[PDB]
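The chain below stands alone and is given as structure tokens, in the form deposited in one PDB entry.
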């Protein structure tokens, strides 16, 4: 059982850091921008089944973005923003919309999204929890998690729902 998960979001919101925290329990304060799109694979337990998640990390910077052909086949799409950078929340509608038309799921209203509001360990938060939750609920109840890749807060919990919903979608 191979599950394909795409991580999307603006540059610097913490996509690579959330993936590295989940997969290798590691975090770096240094920033190294992602180029293009590539994946790693990780074995995960969903209830009592062991599955393999193929996790695609993507470039947030437009100059390093390539095509979106790799969207096809995704079982779940993860939308990441930075709670201290409100414009990264505002782009979520267009990230989701571009995924839907380019990946073209058969049932777009029920395709599984998960939204992570990352960097809750920082001061100067700008996006309110209630605002993010209301948007998520308005899109047919997208599950919403607040995370810190740096402090490893709710990362495992988020990816457990990601894996569970991708498994349901794949089946």
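Only residues modelled in both forms are compared. Think of the rigid core as the biggest set of C-alphas that the two forms share within 1.5 Å after superposition. Positions refer to the first chain, counted from 1.
Another form exists, deposited in another entry; not displayed. Remarks below refer to it.
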I want to make sure I read this right: if the two forms are fitted on their rigid core, which of 138, 29, 104, 124 has a C-alpha displacement of 2 angstroms or more between this form and the one not shown?
29
Residue pair residue 122, residue 32 - Cα distance in that other deposited form, closer or farther (3 Å or more)
farther
Can you confirm the direction of the Cα distance change for residue 77 and residue 29 in that other deposited form, closer or farther than in this form, given it is 3 Å or more?
closer
Segments of at least three residues whose Cα atoms shift by 2 Å or more between this form and the one not shown, after superposing on the rigid core:
28-36, 60-66
